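Shown next, in structure tokens, is the structure this report addresses.
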Amino acid sequence: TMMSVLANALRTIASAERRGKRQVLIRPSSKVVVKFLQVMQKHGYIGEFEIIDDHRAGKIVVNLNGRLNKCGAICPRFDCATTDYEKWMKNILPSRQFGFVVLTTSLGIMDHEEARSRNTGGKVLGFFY
Amino acid sequence: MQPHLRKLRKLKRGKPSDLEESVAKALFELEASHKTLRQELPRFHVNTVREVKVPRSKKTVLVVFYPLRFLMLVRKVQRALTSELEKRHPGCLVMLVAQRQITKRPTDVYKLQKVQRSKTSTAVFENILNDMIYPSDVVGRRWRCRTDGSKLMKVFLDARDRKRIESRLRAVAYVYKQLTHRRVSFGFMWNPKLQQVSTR
Amino acid sequence: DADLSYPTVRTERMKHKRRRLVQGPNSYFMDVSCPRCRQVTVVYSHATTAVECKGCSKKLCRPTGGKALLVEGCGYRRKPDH
Amino acid sequence: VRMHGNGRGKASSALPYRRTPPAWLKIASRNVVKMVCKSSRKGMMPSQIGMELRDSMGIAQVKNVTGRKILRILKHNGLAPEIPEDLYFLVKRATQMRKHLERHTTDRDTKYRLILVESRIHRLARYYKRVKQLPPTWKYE
Amino acid sequence: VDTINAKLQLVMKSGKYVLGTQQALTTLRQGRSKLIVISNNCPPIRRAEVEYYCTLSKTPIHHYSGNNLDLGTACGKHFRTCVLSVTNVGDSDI
Amino acid sequence: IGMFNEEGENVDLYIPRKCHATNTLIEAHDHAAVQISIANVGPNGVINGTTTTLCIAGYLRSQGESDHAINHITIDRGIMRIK
RNA sequence: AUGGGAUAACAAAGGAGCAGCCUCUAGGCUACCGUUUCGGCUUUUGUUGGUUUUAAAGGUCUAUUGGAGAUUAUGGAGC
RNA sequence: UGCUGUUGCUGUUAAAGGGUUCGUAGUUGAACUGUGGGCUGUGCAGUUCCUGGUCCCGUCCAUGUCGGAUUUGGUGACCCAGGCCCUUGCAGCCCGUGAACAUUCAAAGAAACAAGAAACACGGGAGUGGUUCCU
């Protein structure tokens, strides 16, 4: 019973970053798991993927460069109006400098900083410091 | 009209092209009994177009479009036609690509549920590999996603088949781009089962 | 030393078929030739049924649980995958 | 995990990535489609039909040769069973256990294994009505 | 055993049968009967003449394994039959 | 390599070393925290001018992947030969 | 009220429980609606009331003009 | 007072998992239809041509088996390199695309056509539009 396929995905990345692994192999890839990872990769927290075809649901193989402290998923996916970036910045991120909160917006999966500038709000997905 | 002009699509029977004629003839000669077993599937068959594509290296490619109605014909014969269409035309590679419509993404939840999956892009563009590559198989796919943001497909043929198709792939890689406007890179792998990219 | 995305021969020869990176089958078709008549029938590796020659009905294999036993020196020829 | 009872065991057929039929199959689609139906007129189910093909006749997957699964082939020919076969083999177990327990009324183990089996039937019969594949008045008895 | 119980289903959706001992004697008298199935509790002098027409007409009796009520549900009908005769088989092989 | 003031003044107290395996900062209080200085060699086999030094964090030695990790590094550095 | 369409929800489906090929012209026949009984009716002919014809329209039958086709009819099947 | 806990509690032993299993209301629920391209100028990363600083070949020795040197060595190997718009990817900018594929080419995709489109095309009203609007 895989309820959220990000929950399973970003834990593995999280809990295999805490062990210093060079690579992680993630069980059910999905359109959201990729778009989330490609945001991690934009800011330098992950090296590379392989998305392997099983013909059913892929298997992502991520190269870790050692720079992730944590990866969450926020499970119920609460909303954000663009005025609510300050709650999430405040509660879930360590400092007001270096964290990132990842959202789904009309425009897509993007950072809370890519969202403030485009003015969309959306639903929260997770974070990474 | 002329006996070999019934190997084209009817619009192009009136005013064919210097390209479209020369396969028409060649398809006809082979329609006419010459090749055993293609005496079997000559007569019901047609061509829509053909296009000349020049890869940036060496030999041109004539991309012969025929209507999807004929796949199950050609898949039997496809190894024979291309071989014996190339003898007829020296110095250019002959590829056989059925023609397919692609419905745009609907955007309505209620329309997405009505779309023929075989008319969707991902399904179409795949069959435009299997057409360029046939009889050989796609053993694996991988999408390599690189820090740049680049995502690149890798399609793994059998190694048993290395000897025939190696020479064609730089073209097949390129033609595919011109048809799809997507990109492909090939590698081979031997036990396809245990997945080991051949290097040797 | 190892890549996860390109594993060694020795690691993945060991794994379960579902635990492979691929999910492959463990089975294959053999080309079997009946001893009693010279005739040739394809036979599935794990038969799970009584399999008979066509001309003579000989029961060319036993159903036995894991992997079917061919009968009495009948010639097997293993078919390719493709 | 498992629907009723606790096993976690995992054993399944793992279908191959490569879906084109082998080169050594010389059997036309229409010759497969007719085997299916020919052997379904012998009063067989699909879950067995597919065996006699991979066992003896060497057809691994009928979708991969014939364009289509063993039931569209039956549903198109009007040979498709009246009750889905996952539902037929449960009713068939439940009834034998009902016949078992009719002499043996102190056998508590199979009185509990019914309670499971029947509760399945009512879940499938809830699926196959919702999905419209059973008549909405279908009932156990 | 119940190996027959599978064949009566196929005859049921295929072939022609008639139920009941008095309507199954007419299939013997006409020599149209390809099988005769008889229950356990079929009364003896009824069993006896049914078996006797089957020796004259060379038709292959099968003595069933259960009641007329169970014979009857095998051919899934809600009533009871002590005698069943198969006019023609199906793809069920006798 | 530290947080700079708006006026450009480097504000850090010191900049810690990072494990060359795990890329974790080595903390003042971490007393495994090894440096391993391999003497760099030149033809004829004499030592000259050798800067290549490895840093391993306290974590990793105590599980015994220090050795496995120093194989990986000396191979990326070319100090070793795979064969 | 109005943009956006990533994530989601509602509804429908359950796949033989189906399913429209388009097009040039020619001919033939043919009211059109409505029903409980006499009912309704499209412009033009100067106008209104009454009658009637011709004509398109649609339909339907036959005729072949050009082209399609997401599944080979010069094909499968049986003699 | 995070001692009512959505943010945010606790439940082996401190208070607290029903004795087990089935199960309705209820809550939760797997993957998929989807990297648009090309041209210009400019920032990044991964085969022409030039190096001789390597290993391989070879030579001389022969050294029973842990010397070596040898020149040209050797299109071999290799390398550090170049304002090669020949490379590919990628950042940013301009800008074109009926823009996958097919299909049209008439005065500039017009018309047909493909795609889309009910915010639409298909016929119609002078009691429509400040006296029936525009060219």
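Residue numbering restarts at 1 for every chain of the structure tokens, chains are lettered A, B, ... in their displayed order, and ligands are numbered from 1 as they appear.
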Which of chain A fall in strand (DSSP E), as a PyMOL selection string
chain A and resi 23-26+49-52+59-63+79-80+100-105+109-111+122-128
* Asked: Which chain D residues are at most 8 Å from chain H (counting only C-alpha atoms (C1' of nucleotides)), as a VMD selection string?
  -> chain D and resid 115 to 116 119
May I have the residues from that selection written out with N, CA and C atoms, as a PDB file, in the first residue's frame?
```pdb
ATOM      1  N   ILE D 115     -16.068 -18.228   6.267  1.00  0.00           N
ATOM      2  CA  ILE D 115     -16.308 -16.844   6.607  1.00  0.00           C
ATOM      3  C   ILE D 115     -15.371 -15.941   5.835  1.00  0.00           C
ATOM      4  N   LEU D 116     -14.157 -16.410   5.558  1.00  0.00           N
ATOM      5  CA  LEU D 116     -13.274 -15.654   4.686  1.00  0.00           C
ATOM      6  C   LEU D 116     -13.722 -15.732   3.243  1.00  0.00           C
ATOM      7  N   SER D 119     -16.704 -13.796   2.332  1.00  0.00           N
ATOM      8  CA  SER D 119     -16.516 -12.356   2.354  1.00  0.00           C
ATOM      9  C   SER D 119     -15.732 -11.850   1.160  1.00  0.00           C
TER      10      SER D 119
END
```
Please report as CSV every residue of chain D lying within 8 Å of chain E, along with the nearest atom pair and their distance in Å (one decimal), using only C-alpha atoms.
```
residue,atom,partner,partner_atom,distance
D:41,CA,E:91,CA,6.3
D:42,CA,E:91,CA,5.2
D:43,CA,E:10,CA,6.0
```
Where in chain E does DSSP assign helix (DSSP H, G or I), given as a count of residues only?
40
Please find the residues of chain D near chain G - the criterion being any atom within 9 Å, counting only C-alpha atoms (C1' of nucleotides) - and write them as a PyMOL selection string. chain D and resi 30+72+75-78+131-133
Just-selected residues, N, CA, C and O atoms written as a PDB file, in the first residue's frame:
```pdb
ATOM      1  N   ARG D  30      -4.656 -15.226 -36.813  1.00  0.00           N
ATOM      2  CA  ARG D  30      -5.959 -15.862 -36.966  1.00  0.00           C
ATOM      3  C   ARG D  30      -5.907 -17.348 -36.655  1.00  0.00           C
ATOM      4  O   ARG D  30      -6.936 -17.960 -36.370  1.00  0.00           O
ATOM      5  N   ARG D  72     -10.578 -10.790 -25.139  1.00  0.00           N
ATOM      6  CA  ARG D  72     -11.494 -10.104 -25.969  1.00  0.00           C
ATOM      7  C   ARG D  72     -11.849 -11.165 -26.957  1.00  0.00           C
ATOM      8  O   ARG D  72     -12.899 -11.148 -27.564  1.00  0.00           O
ATOM      9  N   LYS D  75     -14.877 -12.771 -25.638  1.00  0.00           N
ATOM     10  CA  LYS D  75     -16.022 -11.871 -25.620  1.00  0.00           C
ATOM     11  C   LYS D  75     -16.464 -11.517 -27.028  1.00  0.00           C
ATOM     12  O   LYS D  75     -17.654 -11.310 -27.270  1.00  0.00           O
ATOM     13  N   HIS D  76     -15.539 -11.472 -27.979  1.00  0.00           N
ATOM     14  CA  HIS D  76     -15.944 -11.161 -29.338  1.00  0.00           C
ATOM     15  C   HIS D  76     -16.703 -12.317 -29.963  1.00  0.00           C
ATOM     16  O   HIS D  76     -17.638 -12.107 -30.742  1.00  0.00           O
ATOM     17  N   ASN D  77     -16.323 -13.543 -29.645  1.00  0.00           N
ATOM     18  CA  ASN D  77     -16.965 -14.715 -30.212  1.00  0.00           C
ATOM     19  C   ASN D  77     -18.149 -15.188 -29.403  1.00  0.00           C
ATOM     20  O   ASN D  77     -18.697 -16.246 -29.696  1.00  0.00           O
ATOM     21  N   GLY D  78     -18.534 -14.454 -28.371  1.00  0.00           N
ATOM     22  CA  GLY D  78     -19.670 -14.869 -27.570  1.00  0.00           C
ATOM     23  C   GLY D  78     -19.424 -16.135 -26.790  1.00  0.00           C
ATOM     24  O   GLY D  78     -20.377 -16.811 -26.391  1.00  0.00           O
ATOM     25  N   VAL D 131     -18.245  -1.909 -11.691  1.00  0.00           N
ATOM     26  CA  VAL D 131     -17.991  -2.312 -13.059  1.00  0.00           C
ATOM     27  C   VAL D 131     -19.203  -3.096 -13.524  1.00  0.00           C
ATOM     28  O   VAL D 131     -19.700  -3.958 -12.816  1.00  0.00           O
ATOM     29  N   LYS D 132     -19.682  -2.824 -14.715  1.00  0.00           N
ATOM     30  CA  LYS D 132     -21.041  -3.290 -14.966  1.00  0.00           C
ATOM     31  C   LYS D 132     -21.118  -4.746 -15.384  1.00  0.00           C
ATOM     32  O   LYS D 132     -22.141  -5.165 -15.923  1.00  0.00           O
ATOM     33  N   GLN D 133     -20.062  -5.511 -15.155  1.00  0.00           N
ATOM     34  CA  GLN D 133     -19.924  -6.845 -15.717  1.00  0.00           C
ATOM     35  C   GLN D 133     -20.781  -7.900 -15.009  1.00  0.00           C
ATOM     36  O   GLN D 133     -20.741  -9.075 -15.378  1.00  0.00           O
TER      37      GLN D 133
END
```
Counting only C-alpha atoms, chain A residues within 7 Å of chain B, as a ChimeraX atom specification: /A:41-42,47-53
Now that the selection is made, can you save its residues with N, CA, C and O atoms as a CSV table (one decimal), in the first residue's frame?
```csv
chain,number,residue,atom,x,y,z
A,41,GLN,N,18.1,19.1,-8.5
A,41,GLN,CA,19.3,19.1,-9.3
A,41,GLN,C,19.6,20.5,-9.8
A,41,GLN,O,20.7,20.8,-10.2
A,42,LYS,N,18.6,21.4,-9.8
A,42,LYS,CA,18.8,22.7,-10.3
A,42,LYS,C,19.7,23.5,-9.3
A,42,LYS,O,20.5,24.2,-9.6
A,47,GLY,N,23.3,15.0,-8.2
A,47,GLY,CA,24.1,14.9,-9.5
A,47,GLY,C,23.3,14.5,-10.7
A,47,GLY,O,23.2,15.3,-11.6
A,48,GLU,N,22.8,13.3,-10.7
A,48,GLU,CA,22.3,12.7,-12.0
A,48,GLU,C,21.2,11.7,-11.7
A,48,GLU,O,21.1,11.2,-10.6
A,49,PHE,N,20.4,11.5,-12.7
A,49,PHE,CA,19.4,10.4,-12.6
A,49,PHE,C,19.6,9.4,-13.7
A,49,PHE,O,20.3,9.7,-14.6
A,50,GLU,N,19.1,8.2,-13.5
A,50,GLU,CA,18.8,7.4,-14.6
A,50,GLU,C,17.3,7.1,-14.4
A,50,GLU,O,16.9,6.7,-13.3
A,51,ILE,N,16.5,7.2,-15.4
A,51,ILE,CA,15.1,6.7,-15.3
A,51,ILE,C,15.1,5.5,-16.2
A,51,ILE,O,15.1,5.5,-17.4
A,52,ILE,N,15.0,4.3,-15.5
A,52,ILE,CA,15.0,3.0,-16.2
A,52,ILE,C,13.6,2.6,-16.5
A,52,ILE,O,12.7,2.8,-15.7
A,53,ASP,N,13.4,2.0,-17.7
A,53,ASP,CA,12.1,1.5,-18.1
A,53,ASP,C,12.0,0.0,-17.6
A,53,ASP,O,12.7,-0.8,-18.1
```
Quiz item: Contacts of residue B:196 at 8 Å or less, counting only C-alpha atoms (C1' of nucleotides), minus same-chain residues fewer than 4 places along, as a VMD selection string?
Solution: (chain B and resid 189 to 192) or (chain C and resid 6 to 9)
Do you know which residues are at most 12 Å from residue F:67 counting only C-alpha atoms (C1' of nucleotides), after dropping those on the same chain fewer than 4 positions away, and could you put them as a PyMOL selection string? chain F and resi 21+36+54+56+60-63+71-74
Taking only C-alpha atoms into account, produce a table as a Markdown table in which each residue of chain D with an atom at most 8 Å from an atom of chain B appears once, together with its shortest atom pair and the distance in Å to one decimal, ordered by chain and rising number.
```
| residue | atom | partner | partner_atom | distance |
| --- | --- | --- | --- | --- |
| D:17 | CA | B:139 | CA | 7.1 |
| D:18 | CA | B:139 | CA | 6.4 |
| D:20 | CA | B:137 | CA | 7.9 |
```
